[PDB]
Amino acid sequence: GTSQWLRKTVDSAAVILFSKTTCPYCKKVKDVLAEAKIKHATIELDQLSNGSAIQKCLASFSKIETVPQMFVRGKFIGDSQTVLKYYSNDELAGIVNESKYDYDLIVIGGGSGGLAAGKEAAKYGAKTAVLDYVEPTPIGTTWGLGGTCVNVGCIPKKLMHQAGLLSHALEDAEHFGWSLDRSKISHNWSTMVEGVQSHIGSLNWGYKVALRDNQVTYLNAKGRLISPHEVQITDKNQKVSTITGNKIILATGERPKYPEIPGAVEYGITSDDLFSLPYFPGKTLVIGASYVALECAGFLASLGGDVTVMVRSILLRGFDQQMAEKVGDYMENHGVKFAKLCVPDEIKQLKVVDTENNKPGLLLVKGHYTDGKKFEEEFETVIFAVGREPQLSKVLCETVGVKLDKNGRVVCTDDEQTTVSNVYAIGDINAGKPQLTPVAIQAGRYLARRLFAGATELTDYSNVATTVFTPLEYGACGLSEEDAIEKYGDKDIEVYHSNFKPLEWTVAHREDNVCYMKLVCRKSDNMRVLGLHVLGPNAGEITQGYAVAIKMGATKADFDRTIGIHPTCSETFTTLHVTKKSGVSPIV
């Protein structure tokens, strides 16, 4: 392993120093480099099992076995004396900046994955460019640097969720002794959006500052990979240019799908538009049943909206369906209407949006139920949440040789490498991976370290925890119950479960036996926890810590031996005893 690893590390690193903790000549070079403002990776051989072996294999590259040894872009540059020679002669800058390419790394896409990869790479001396361009939505919405999560995803979604939760805090406050006349309390959509957008703006700016502070070149331009190392960029002016890079990271993300029905693109909106919408949506129809559909419907209802969700078949396809049903039942019991087994046929315009007084328009939605009954209802706003899709040109990807799948996503090795060996793909366009911001960030940071600092650690995409920020939140880590039973068989699966009631809900007169948790375990494997599921407040805070234990192979016994923190919702995971096979009720 050592020699193959060393060959790839030396070939790929932009500027790398092989060193030892204890080496005065190593510190000499480190200080000259720091003095010269030259960033680099460092591998301390004395902190590695195989450091001994590595130091000797280096002679296959350097002809020496001493430390320090500095390499630039695959070329041995020198020991301590040679580096100081270059420094003294003011040749060092030109050496560390010599390359066949304009950049060591070009990142195409300035979102969760691409910004994380670009910043991490720059730390090790990789001369880096990040390209980002936001193609406007059909009604012309655009936004700044940061990608989907920052601008039209997790960040504004969770902030609007919080605004919705505050509706229930206002209700609860009365029961806890606060004197407030809710009859006189209303919500102002545009005040909320202005606050959300001011925060997003601070993030757009912050990322630009972060890139500048790491000496990353930020180009607000559309990038097109036209050969393995050439990226064609088109700026706002439509000026076309070409830049070259050693490594390329595709991090271009996805955009919302529209259904192919008359009126959808003209009169509907998607999540891309919702989070900066200048007018309150008013009476709203959400078409779709993904976590985005339900999250959006949920906070619109809590903000006082008349909300309907049109569901083609099931809720939260791909998630544990028992939990999905409970999520939806809570929503229906708390205002959200569901038109189940229903699809849209056409959207007709009845009023145009009032761009002046910031009022919504009015739409007639025609569709049909599976039972043959017609759906025909007026809505002020119609939101499509029917899937997201990558935006890579299949043709041009074919030309360069980057393989895509059926769905247009990039087919990658377990180290994110595409079929073009210097080109990598991270984030939502990486076929088969969980489409989540912390996944993209971990992938991009870990990839940058393997490319430019000799790291070996891969991203682990197994048992990645999630949380759906519906009005009652749903956290999960690992297998759904049904997937566990399909994999291992019903006889090998035990499911421990319980209802519970947040203490906060008692004085507030909220529901018994609605919050719910379960552990799906494998009997044959010492009751290994295969999946954890919780429906309740703060479900993401609950779930996160357990994801560490699950990654370590937690068993039911590990949960049982841990002592609860009281009073919390999470502590119920430490005292589960009712199994599904026992038939005993999980109510409490």
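Here the rigid core means the biggest group of C-alpha atoms that line up within 1.5 Å when the two forms are laid on top of each other. One-based numbering along the sequence shown.
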**Asked** Quick one: with the core lined up, is it 92 to 100 or 177 to 185 that wanders further in 8 other deposited structures of this protein, going by C-alpha RMS?
**Response** 177 to 185
**Asked** Between 159 to 167 and 369 to 377, which has the larger RMS C-alpha deviation from this form in 8 other deposited structures of this protein after core superposition?
**Response** 369 to 377
**Request:** Can you let me know which of the two, 505 to 513 or 68 to 76, has the higher average C-alpha B-factor in the entry?
**Result:** 68 to 76
**Average Cα temperature factor in the PDB entry - higher stretch of 487 to 495, 456 to 464** = 487 to 495
**Fill in**
In this crystal structure's PDB entry, the residue among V439, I95, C342, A121 with the greatest CA B factor is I95
**Message:** Maximum C-alpha temperature factor per the entry, among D354, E346, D414, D320, belongs to which one?
**Reply:** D354
**Where the record places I563 (Cα B-factor, split into thirds across the chain)** = lowest
**Asked** Among the modelled residues of its chain, does the C-alpha B-factor of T42 lie in the lowest, middle or highest third?
**Response** highest
**Prompt:** When the modelled residues of the chain are sorted by Cα temperature factor, does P278 land in the lowest, middle or highest third?
**Reply:** highest
**Request:** Relative to the other modelled residues of the same chain, rank the CA B-factor of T575 and answer lowest, middle or highest third.
**Result:** lowest
**Asked** Would the CA B-factor of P138 place it in the lowest, middle or highest third of its chain?
**Response** middle
